[PDB]
2 protein chains.
Amino acid sequence: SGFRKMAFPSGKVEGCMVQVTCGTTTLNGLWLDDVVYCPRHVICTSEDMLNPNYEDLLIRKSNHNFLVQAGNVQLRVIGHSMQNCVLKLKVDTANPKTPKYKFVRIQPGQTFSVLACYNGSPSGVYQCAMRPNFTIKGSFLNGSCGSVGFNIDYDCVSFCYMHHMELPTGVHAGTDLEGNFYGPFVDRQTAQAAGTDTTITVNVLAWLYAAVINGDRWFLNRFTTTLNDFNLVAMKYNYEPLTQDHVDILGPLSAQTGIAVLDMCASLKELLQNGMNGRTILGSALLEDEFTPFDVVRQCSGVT
Amino acid sequence: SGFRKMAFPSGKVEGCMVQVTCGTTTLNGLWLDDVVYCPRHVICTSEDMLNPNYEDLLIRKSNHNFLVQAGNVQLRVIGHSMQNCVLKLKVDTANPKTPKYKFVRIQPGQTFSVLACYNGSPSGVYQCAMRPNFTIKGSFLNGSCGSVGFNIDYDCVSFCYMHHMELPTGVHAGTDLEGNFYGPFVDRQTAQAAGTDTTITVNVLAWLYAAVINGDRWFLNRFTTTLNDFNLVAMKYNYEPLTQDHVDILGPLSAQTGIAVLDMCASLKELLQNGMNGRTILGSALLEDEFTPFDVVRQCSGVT
Ligand SMILES: O=C(Cc1cncc2ccccc12)N(CCC1CCCCC1)Cc1cccs1
Ligand SMILES: O=C(Cc1cncc2ccccc12)N(CCC1CCCCC1)Cc1cccs1
C-alpha cells in the first residue's frame, strides 16, 4: 500500500550520459551505440540564440570542434549530422553500456521519467508527464540540456524526450530523439507562450482508482454520469475530454475495484463542483494527473 | 526553474540488489562487498510473524538454506549471522559493482531516495522522508522487503534505511543497515500504532524558499515573528517546533532570497491560519515537508 510519484530506475540511462562541449557551450549527450545525441543548440553562443540559423552555424564546425567526454575519458568524433533539432555525433567507440532501446514519440498525457544531468553527470530522477499543451513541468537549470525522458519495459529503454528549452513561463520544451519538438516550440530565444495547460482526465481517474485500492474512499459518491454529461463539466474545469478509448483503458482498474468508470466520473464531477473541503486524497490536496492508468496498474502490481 | 520531488540516480544501488530466498519466503537483499544484508524475517513463514522468536527460528537454518541470486546467477553462502533485525549473509564473491558506501542512521525530517525492489529486481525510485513518528510514507507491496533508502554524496552511497514492514495504517517501518528499527517498531505481526505524524517545519520553510527562488511569491506577507510566537502557532497546527539550529540551517536560503528566516516563519504562520484559499505553491495545494534545506540548495544549484 501507499502511492508514490515513482520514476523508473535510472541506471540504464546513467550509463549513456556523456558531456558534449562545442566552443564555450557545454550540455549533455545521450551515447547509444557509436552515436551521441545532443541538442543542436550546443553550437550556439548565448547571443546566437536570439536568431540562430543552425545550418549556417554548423558549416563552421568540424568533427574536432565537438568534444565528447564519457566519465573522465574523451571520445573521438568521426562524423556529425543535424537531424531536425538534434545533432548526431558519430564516435569511434560503441557505448559498452548501451541498453536495449527504442526512440518513441509520446502523446500528451503520457508519463515518463527524466534523469536530470549537468556536465554529463546525473544529478536526479523524477517522474513527469507531457502536458496537453506539449510542455513538461520539469526541474531544469542552465546546462541541463540533453537530459532525457524515458520509459522502461523490463530491459528495453524507450527514449521519448530530450530537454532543450525553458520557456519564459518557467515550463520546459524539448524534442523526441529524432529532433522534432513536442508542440509548436522552436529552439530560438523568442516569445513562445505554451497554450492552455489542461488536466489529463484519464490520469486523474486512474489516480482516483489508485486511491480506492490504497484505502482513500471518502470521495466515492452514490452517483453515476454519462460521457457527455461528464465532459460538459470537464470542459468547464479545463479538463481534457474523456473518450470511450479512455473508458476502455480504465477497464482493468474498474474491474479490480468494482467501480464502473462512469461512477468514478460522477465522483470526479462532484470533486470538481464541491472541492476537497480541506481534505486529501493519497496525501494530496489537488487532483493528481501525472499517473497514467498503466502507471497505476504497474505500481499497484509491482512490475520489475 | 521548476521544483520537483527528485530522487538520487539509482544506478549505484541497482548494482547491489539481489534476491534472497529462505524456504518459501523471498525478499530483497543488499549485496555490498562479500556480505548480503536482508530483513531477518526472511526466515519466517506468514504464521511465524504473529509471534516470532528469531534466534530459535535461525537455529534451524544453515548457510545452504539461504538462496542468494544476483541477476540469473546464484551466489554461494559461506556464513550467516543476525545483527539486530537484519541478517548478514557472507557470500564467496565480493560484489564487482560495490560503490563507495557508508551505513548511516538518519534523524526524523531527513529525506532519502528508495529503490523499490521485488525478487531482487528494481521496479521504481521515489523520494521520501523519515517522518517525526519514525514511519515512512512509501509505496511498498508484499515482497518489497529488503528495498533500501539511500543518499548519494558525489560517489559515496549512504545507506540509511532497509524496508521491513507495513503497519495496519498503511505506513511503513524499517531499520538502518545495522538492523535497528527506526522508532519503536518490532518485526512482529502485532498491533503497532505509529504516533502523531507532525509536519517537518524546517522542510516546509526550505520549500517556501524554493518557491520564492522559482517565482511563486504570492504567499509573502509584510509580517515578521519570533521563534517563540511562531512555535505557539506551529504546535497548534501539529508542526514540529523550530529551533535556532533550524534557523541556522536555513541561513543560505535566507541569504539567496534576501528573506529573513523569521519573515518566512510569519508567512508560514499566515498560511497556516488562513489556508491557501484555493491557490497553489509550486503546483501544490498543501505545504510540502519532504524537502530538506540541503535538498532545496542541491536542486536549485545542480549538484551532480
Ligand atoms: O533554455 C535554454 C536552456 C535551459 C533549459 N532549461 C532550463 C534553463 C534554465 C536557465 C537557463 C536556461 C535553461 N536555452 C539555452 C541556453 C544557452 C546556454 C549558453 C549557450 C547558448 C544556449 C535557451 C534556449 C534554448 C532553445 C531556445 S531558447
Ligand atoms: O509487513 C510485511 C511485509 C510488507 C511490507 N511492505 C508492504 C507490504 C504490503 C503487503 C503485505 C506485506 C507488506 N510483513 C512480512 C510479510 C510476510 C511474507 C511471507 C513470509 C513472512 C512475512 C509482515 C511483517 C513484517 C514485520 C512485522 S509484521
# chains A, B, ... in the order shown; residues from 1 in each chain; ligands from 1
$ interface_residues --of "chain B" --to "chain A" --cutoff "6 Å" --atoms "only C-alpha atoms" --output "list in words"
residues 1, 2, 3, 4, 6, 7, 8, 9, 10, 11, 121, 122, 123, 124, 125, 126, 138, 139, 140, 141, 170, 285, 286 and 304 of chain B
$ residues_around --residues "residue 94 of chain B" --least-positions-apart "5" --cutoff "12 Å" --atoms "only C-alpha atoms" --output "number ranges by chain"
B: 16, 31-36, 70, 75-77, 89, 99
$ write_last_selection --atoms "N, CA, C and O atoms" --output "compact mmCIF listing (two decimals), in the first residue's frame"
# COMPACT_ATOMS: atom_id res chain seq x y z
N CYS B 16 23.56 -3.39 -6.58
CA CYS B 16 23.66 -4.10 -5.30
C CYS B 16 22.46 -4.98 -4.99
O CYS B 16 22.50 -5.69 -4.00
N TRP B 31 23.69 -6.35 -1.60
CA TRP B 31 24.99 -7.01 -1.71
C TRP B 31 26.10 -5.96 -1.77
O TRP B 31 26.22 -5.21 -2.74
N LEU B 32 26.88 -5.87 -0.69
CA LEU B 32 27.96 -4.89 -0.58
C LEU B 32 29.20 -5.66 -0.18
O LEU B 32 29.19 -6.35 0.86
N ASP B 33 30.24 -5.65 -1.03
CA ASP B 33 31.45 -6.45 -0.78
C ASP B 33 31.01 -7.96 -0.79
O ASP B 33 30.22 -8.32 -1.66
N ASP B 34 31.43 -8.79 0.18
CA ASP B 34 31.02 -10.19 0.20
C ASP B 34 29.93 -10.45 1.24
O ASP B 34 29.89 -11.53 1.81
N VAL B 35 29.08 -9.45 1.53
CA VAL B 35 28.02 -9.60 2.50
C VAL B 35 26.68 -9.21 1.86
O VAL B 35 26.61 -8.25 1.09
N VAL B 36 25.63 -9.98 2.13
CA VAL B 36 24.29 -9.68 1.66
C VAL B 36 23.44 -9.33 2.89
O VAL B 36 23.33 -10.13 3.82
N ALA B 70 21.89 -13.09 -7.80
CA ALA B 70 22.26 -11.77 -8.31
C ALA B 70 22.17 -11.91 -9.80
O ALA B 70 22.88 -12.72 -10.38
N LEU B 75 24.68 -17.04 -5.82
CA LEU B 75 25.85 -16.76 -5.01
C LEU B 75 25.95 -17.84 -3.91
O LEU B 75 24.94 -18.27 -3.37
N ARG B 76 27.18 -18.23 -3.56
CA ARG B 76 27.43 -19.25 -2.56
C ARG B 76 27.50 -18.63 -1.17
O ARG B 76 28.33 -17.78 -0.92
N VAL B 77 26.61 -19.05 -0.25
CA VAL B 77 26.61 -18.53 1.12
C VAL B 77 27.60 -19.31 2.01
O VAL B 77 27.41 -20.50 2.26
N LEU B 89 24.47 -12.20 5.30
CA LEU B 89 24.82 -13.44 4.63
C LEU B 89 26.18 -13.27 3.96
O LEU B 89 26.25 -12.57 2.96
N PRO B 99 29.60 0.10 -4.84
CA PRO B 99 30.01 1.51 -4.87
C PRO B 99 30.73 1.86 -3.57
O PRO B 99 30.74 1.06 -2.62
$ atom_distance --atom1 "atom CA of residue 80 of chain A" --atom2 "atom CA of residue 66 of chain A"
8.8 Å
$ select_by_dssp --residues "segment 154-206 of chain A" --states "strand (DSSP E)" --output "PyMOL selection string"
chain A and resi 156-166+172-175
$ atom_distance --atom1 "atom CA of residue 168 of chain A" --atom2 "atom CA of residue 203 of chain A"
27.1 Å
$ select_by_dssp --residues "segment 109-300 of chain B" --states "alpha helix (DSSP H)" --output "VMD selection string"
chain B and resid 201 to 213 227 to 236 244 to 249 251 to 257 261 to 274 293 to 300
$ residues_near_ligand --ligand "ligand 2" --cutoff "10 Å" --atoms "only C-alpha atoms and all ligand atoms" --output "PyMOL selection string"
(chain A and resi 1-2) or (chain B and resi 22-27+39-52+85+138-147+163-168+170-174+185-192)
$ write_last_selection --atoms "N, CA and C atoms" --output "compact mmCIF listing (two decimals), in the first residue's frame"
# COMPACT_ATOMS: atom_id res chain seq x y z
N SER A 1 0.81 -1.21 0.00
CA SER A 1 0.00 0.00 0.00
C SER A 1 0.86 1.29 0.00
N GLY A 2 0.22 2.42 -0.21
CA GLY A 2 0.92 3.68 -0.38
C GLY A 2 1.08 3.92 -1.87
N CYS B 22 14.54 -17.91 1.55
CA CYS B 22 14.77 -18.87 2.62
C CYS B 22 13.48 -19.65 2.74
N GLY B 23 13.54 -20.93 2.42
CA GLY B 23 12.35 -21.78 2.41
C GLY B 23 11.39 -21.30 1.35
N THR B 24 10.22 -20.87 1.77
CA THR B 24 9.19 -20.36 0.86
C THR B 24 9.11 -18.83 0.83
N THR B 25 9.94 -18.13 1.62
CA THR B 25 9.90 -16.67 1.68
C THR B 25 10.96 -16.08 0.77
N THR B 26 10.59 -15.08 -0.01
CA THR B 26 11.53 -14.42 -0.89
C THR B 26 11.44 -12.93 -0.68
N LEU B 27 12.58 -12.30 -0.45
CA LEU B 27 12.64 -10.85 -0.34
C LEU B 27 13.93 -10.33 -1.00
N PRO B 39 16.25 -8.32 5.55
CA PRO B 39 15.47 -8.41 6.80
C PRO B 39 15.55 -9.83 7.37
N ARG B 40 15.67 -9.93 8.69
CA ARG B 40 15.74 -11.24 9.32
C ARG B 40 14.45 -12.02 9.17
N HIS B 41 13.28 -11.35 8.91
CA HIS B 41 12.04 -12.09 8.74
C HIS B 41 12.01 -12.91 7.43
N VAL B 42 13.12 -12.98 6.68
CA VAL B 42 13.20 -13.88 5.53
C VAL B 42 13.08 -15.35 6.01
N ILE B 43 13.44 -15.65 7.26
CA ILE B 43 13.38 -16.99 7.84
C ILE B 43 11.97 -17.38 8.34
N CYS B 44 11.03 -16.44 8.32
CA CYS B 44 9.70 -16.68 8.83
C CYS B 44 8.71 -17.04 7.76
N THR B 45 7.72 -17.82 8.15
CA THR B 45 6.54 -18.10 7.34
C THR B 45 5.51 -17.02 7.76
N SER B 46 4.38 -16.92 7.06
CA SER B 46 3.35 -15.94 7.41
C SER B 46 2.81 -16.20 8.84
N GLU B 47 2.72 -17.48 9.25
CA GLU B 47 2.26 -17.90 10.57
C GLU B 47 3.26 -17.49 11.66
N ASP B 48 4.56 -17.65 11.37
CA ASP B 48 5.63 -17.29 12.30
C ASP B 48 5.59 -15.83 12.70
N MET B 49 5.17 -14.94 11.79
CA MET B 49 5.14 -13.49 12.03
C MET B 49 4.34 -13.03 13.22
N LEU B 50 3.34 -13.80 13.65
CA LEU B 50 2.48 -13.41 14.77
C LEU B 50 3.29 -13.31 16.06
N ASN B 51 4.17 -14.27 16.27
CA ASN B 51 4.99 -14.32 17.48
C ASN B 51 6.34 -14.99 17.15
N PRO B 52 7.20 -14.34 16.35
CA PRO B 52 8.49 -14.97 16.01
C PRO B 52 9.56 -14.87 17.09
N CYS B 85 17.78 -6.70 13.63
CA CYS B 85 16.71 -7.22 12.77
C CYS B 85 17.14 -7.50 11.33
N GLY B 138 5.86 5.27 2.21
CA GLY B 138 6.42 4.71 0.99
C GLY B 138 5.35 4.13 0.10
N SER B 139 5.79 3.33 -0.84
CA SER B 139 4.93 2.64 -1.77
C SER B 139 5.57 1.29 -1.82
N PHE B 140 5.03 0.35 -1.04
CA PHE B 140 5.60 -0.98 -0.96
C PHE B 140 4.54 -2.04 -0.95
N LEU B 141 4.71 -3.08 -1.77
CA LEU B 141 3.80 -4.22 -1.80
C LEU B 141 4.49 -5.39 -1.10
N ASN B 142 3.80 -6.52 -0.97
CA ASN B 142 4.38 -7.72 -0.38
C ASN B 142 5.55 -8.19 -1.27
N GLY B 143 6.70 -8.46 -0.67
CA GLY B 143 7.88 -8.83 -1.43
C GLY B 143 8.87 -7.68 -1.58
N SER B 144 8.47 -6.45 -1.21
CA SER B 144 9.36 -5.28 -1.26
C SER B 144 10.39 -5.25 -0.16
N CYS B 145 10.26 -6.09 0.87
CA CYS B 145 11.20 -6.09 1.99
C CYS B 145 12.64 -6.26 1.55
N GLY B 146 13.53 -5.53 2.19
CA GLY B 146 14.93 -5.52 1.79
C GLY B 146 15.23 -4.39 0.82
N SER B 147 14.18 -3.69 0.28
CA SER B 147 14.41 -2.48 -0.54
C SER B 147 15.10 -1.43 0.39
N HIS B 163 13.74 -1.55 4.19
CA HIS B 163 12.33 -1.77 4.41
C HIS B 163 12.00 -3.12 5.03
N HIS B 164 11.17 -3.12 6.08
CA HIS B 164 10.78 -4.37 6.71
C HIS B 164 9.30 -4.58 6.81
N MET B 165 8.55 -3.52 7.03
CA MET B 165 7.18 -3.64 7.48
C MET B 165 6.17 -2.67 6.95
N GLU B 166 4.91 -3.09 6.94
CA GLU B 166 3.80 -2.20 6.68
C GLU B 166 2.92 -2.29 7.92
N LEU B 167 2.69 -1.18 8.59
CA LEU B 167 1.82 -1.14 9.77
C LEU B 167 0.36 -1.25 9.34
N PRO B 168 -0.58 -1.63 10.23
CA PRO B 168 -2.00 -1.70 9.82
C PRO B 168 -2.54 -0.43 9.18
N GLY B 170 -1.12 1.37 6.93
CA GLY B 170 -0.61 1.52 5.57
C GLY B 170 0.69 2.28 5.44
N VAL B 171 1.25 2.72 6.57
CA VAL B 171 2.54 3.40 6.60
C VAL B 171 3.61 2.32 6.77
N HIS B 172 4.87 2.70 6.59
CA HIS B 172 5.95 1.75 6.59
C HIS B 172 6.96 1.93 7.71
N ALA B 173 7.54 0.82 8.12
CA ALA B 173 8.57 0.80 9.13
C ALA B 173 9.73 -0.04 8.64
N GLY B 174 10.91 0.32 9.11
CA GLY B 174 12.13 -0.36 8.72
C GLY B 174 13.28 0.00 9.60
N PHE B 185 9.09 0.32 16.51
CA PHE B 185 8.55 -0.81 15.80
C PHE B 185 9.38 -2.06 15.97
N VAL B 186 8.68 -3.17 15.95
CA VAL B 186 9.25 -4.50 16.07
C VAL B 186 8.80 -5.33 14.88
N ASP B 187 9.63 -6.28 14.43
CA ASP B 187 9.27 -7.13 13.31
C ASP B 187 8.37 -8.31 13.76
N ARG B 188 7.17 -7.96 14.22
CA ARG B 188 6.11 -8.86 14.63
C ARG B 188 4.83 -8.37 13.95
N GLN B 189 3.93 -9.30 13.61
CA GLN B 189 2.62 -9.00 13.04
C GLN B 189 1.73 -8.78 14.24
N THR B 190 1.83 -7.60 14.82
CA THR B 190 1.09 -7.24 16.02
C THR B 190 0.70 -5.76 15.95
N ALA B 191 -0.29 -5.38 16.75
CA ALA B 191 -0.85 -4.04 16.82
C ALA B 191 0.20 -3.01 17.13
N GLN B 192 0.57 -2.21 16.13
CA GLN B 192 1.56 -1.17 16.33
C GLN B 192 1.04 0.12 15.73
$ atom_distance --atom1 "atom CA of residue 273 of chain A" --atom2 "atom CA of residue 230 of chain A"
11.5 Å
$ closest_residue --among "A:198, A:79, A:252, A:86" --to "ligand 1" --atoms "only C-alpha atoms and all ligand atoms"
A:86
$ closest_residue --among "A:184, A:103, A:158, A:112" --to "ligand 1" --atoms "only C-alpha atoms and all ligand atoms"
A:184
$ residues_around --residues "residue 132 of chain A" --least-positions-apart "5" --cutoff "8 Å" --atoms "only C-alpha atoms" --output "PDB file with N, CA and C atoms, in the first residue's frame"
ATOM      1  N   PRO A 108       0.396  13.558 -25.611  1.00  0.00           N
ATOM      2  CA  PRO A 108       0.121  14.278 -24.358  1.00  0.00           C
ATOM      3  C   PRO A 108      -0.635  13.391 -23.375  1.00  0.00           C
ATOM      4  N   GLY A 109      -0.351  13.568 -22.103  1.00  0.00           N
ATOM      5  CA  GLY A 109      -0.929  12.754 -21.053  1.00  0.00           C
ATOM      6  C   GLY A 109      -0.056  11.576 -20.676  1.00  0.00           C
ATOM      7  N   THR A 196      -3.137  26.566 -23.285  1.00  0.00           N
ATOM      8  CA  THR A 196      -3.851  26.111 -22.076  1.00  0.00           C
ATOM      9  C   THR A 196      -3.350  24.802 -21.500  1.00  0.00           C
ATOM     10  N   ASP A 197      -2.943  24.814 -20.225  1.00  0.00           N
ATOM     11  CA  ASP A 197      -2.494  23.581 -19.593  1.00  0.00           C
ATOM     12  C   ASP A 197      -3.691  22.884 -18.985  1.00  0.00           C
ATOM     13  N   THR A 198      -4.296  21.963 -19.733  1.00  0.00           N
ATOM     14  CA  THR A 198      -5.465  21.262 -19.232  1.00  0.00           C
ATOM     15  C   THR A 198      -5.063  20.073 -18.360  1.00  0.00           C
ATOM     16  N   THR A 199      -5.985  19.644 -17.515  1.00  0.00           N
ATOM     17  CA  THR A 199      -5.786  18.487 -16.673  1.00  0.00           C
ATOM     18  C   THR A 199      -6.056  17.212 -17.478  1.00  0.00           C
ATOM     19  N   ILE A 200      -5.186  16.202 -17.322  1.00  0.00           N
ATOM     20  CA  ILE A 200      -5.327  14.925 -18.013  1.00  0.00           C
ATOM     21  C   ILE A 200      -6.357  14.034 -17.265  1.00  0.00           C
TER      22      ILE A 200
END
$ decode --residues "segment 94-211 of chain B" --atoms "C-alpha atoms" --output "short mmCIF file (atom, residue, chain, number, x, y, z; two decimals), in the first residue's frame"
data_model
loop_
_atom_site.label_atom_id
_atom_site.label_comp_id
_atom_site.auth_asym_id
_atom_site.auth_seq_id
_atom_site.Cartn_x
_atom_site.Cartn_y
_atom_site.Cartn_z
CA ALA B 94 32.61 -9.73 -3.49
CA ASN B 95 30.11 -7.63 -5.49
CA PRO B 96 32.03 -6.32 -8.51
CA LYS B 97 29.58 -3.38 -8.59
CA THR B 98 30.06 -2.31 -4.94
CA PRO B 99 30.01 1.51 -4.87
CA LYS B 100 31.78 3.58 -2.17
CA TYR B 101 29.39 3.30 0.80
CA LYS B 102 28.52 4.13 4.43
CA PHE B 103 25.81 2.92 6.81
CA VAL B 104 24.23 5.92 8.45
CA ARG B 105 21.31 6.31 10.84
CA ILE B 106 19.24 9.34 9.87
CA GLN B 107 17.13 11.63 12.09
CA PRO B 108 13.39 12.41 11.57
CA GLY B 109 12.84 15.06 8.92
CA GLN B 110 15.75 13.76 6.87
CA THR B 111 14.98 12.73 3.33
CA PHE B 112 16.23 9.82 1.25
CA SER B 113 15.60 8.01 -2.02
CA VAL B 114 14.12 4.48 -2.05
CA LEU B 115 14.73 1.97 -4.79
CA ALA B 116 11.59 -0.22 -4.54
CA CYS B 117 12.51 -3.83 -5.49
CA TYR B 118 10.71 -7.19 -5.98
CA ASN B 119 12.60 -10.52 -6.34
CA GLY B 120 15.92 -8.60 -6.30
CA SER B 121 14.88 -6.50 -9.32
CA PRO B 122 14.40 -2.73 -9.17
CA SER B 123 10.93 -1.57 -10.09
CA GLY B 124 10.95 2.14 -9.19
CA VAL B 125 12.59 5.03 -7.37
CA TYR B 126 10.97 7.72 -5.26
CA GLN B 127 11.93 10.33 -2.72
CA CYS B 128 10.60 10.22 0.80
CA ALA B 129 11.40 11.34 4.39
CA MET B 130 11.70 9.76 7.80
CA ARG B 131 8.54 11.09 9.50
CA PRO B 132 8.80 12.58 13.02
CA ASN B 133 6.84 9.48 14.24
CA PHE B 134 9.60 7.25 12.62
CA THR B 135 7.43 5.89 9.84
CA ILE B 136 7.96 6.40 6.11
CA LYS B 137 5.12 7.03 3.67
CA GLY B 138 6.42 4.71 0.99
CA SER B 139 4.93 2.64 -1.77
CA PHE B 140 5.60 -0.98 -0.96
CA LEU B 141 3.80 -4.22 -1.80
CA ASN B 142 4.38 -7.72 -0.38
CA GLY B 143 7.88 -8.83 -1.43
CA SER B 144 9.36 -5.28 -1.26
CA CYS B 145 11.20 -6.09 1.99
CA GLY B 146 14.93 -5.52 1.79
CA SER B 147 14.41 -2.48 -0.54
CA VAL B 148 16.74 0.32 0.67
CA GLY B 149 16.76 4.04 1.33
CA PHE B 150 19.90 5.95 0.49
CA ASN B 151 21.53 9.31 -0.14
CA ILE B 152 24.47 9.95 -2.53
CA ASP B 153 27.30 12.45 -1.93
CA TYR B 154 29.15 12.58 -5.34
CA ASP B 155 30.21 8.87 -5.48
CA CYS B 156 29.51 7.71 -1.89
CA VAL B 157 26.19 5.95 -1.24
CA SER B 158 24.99 6.39 2.34
CA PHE B 159 22.56 3.58 3.09
CA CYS B 160 20.15 4.73 5.76
CA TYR B 161 17.06 2.51 5.54
CA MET B 162 16.03 -1.07 4.80
CA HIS B 163 12.33 -1.77 4.41
CA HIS B 164 10.78 -4.37 6.71
CA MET B 165 7.18 -3.64 7.48
CA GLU B 166 3.80 -2.20 6.68
CA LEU B 167 1.82 -1.14 9.77
CA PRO B 168 -2.00 -1.70 9.82
CA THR B 169 -2.31 2.02 8.98
CA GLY B 170 -0.61 1.52 5.57
CA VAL B 171 2.54 3.40 6.60
CA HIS B 172 5.95 1.75 6.59
CA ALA B 173 8.57 0.80 9.13
CA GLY B 174 12.13 -0.36 8.72
CA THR B 175 15.66 -0.39 10.08
CA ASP B 176 19.04 1.29 9.44
CA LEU B 177 21.69 -1.09 7.82
CA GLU B 178 22.68 -2.28 11.32
CA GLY B 179 19.23 -3.87 11.90
CA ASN B 180 17.93 -1.28 14.38
CA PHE B 181 14.35 -0.17 13.71
CA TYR B 182 13.59 3.48 13.27
CA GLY B 183 11.17 4.20 16.07
CA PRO B 184 9.56 1.72 18.42
CA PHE B 185 8.55 -0.81 15.80
CA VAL B 186 9.25 -4.50 16.07
CA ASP B 187 9.27 -7.13 13.31
CA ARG B 188 6.11 -8.86 14.63
CA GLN B 189 2.62 -9.00 13.04
CA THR B 190 1.09 -7.24 16.02
CA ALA B 191 -0.85 -4.04 16.82
CA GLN B 192 1.56 -1.17 16.33
CA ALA B 193 0.26 2.39 16.12
CA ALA B 194 2.69 4.95 14.64
CA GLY B 195 2.23 8.07 16.82
CA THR B 196 1.43 11.71 15.75
CA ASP B 197 2.64 12.45 12.23
CA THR B 198 3.80 16.03 12.61
CA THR B 199 4.82 18.32 9.76
CA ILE B 200 8.59 18.93 9.39
CA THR B 201 8.63 22.79 9.83
CA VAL B 202 12.27 23.28 8.74
CA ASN B 203 11.49 21.40 5.46
CA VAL B 204 8.32 23.42 4.87
CA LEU B 205 10.41 26.62 5.25
CA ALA B 206 13.06 25.27 2.86
CA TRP B 207 10.31 24.51 0.30
CA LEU B 208 8.86 28.03 0.76
CA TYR B 209 12.37 29.34 -0.03
CA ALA B 210 12.43 27.07 -3.17
CA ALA B 211 9.07 28.56 -4.18
#
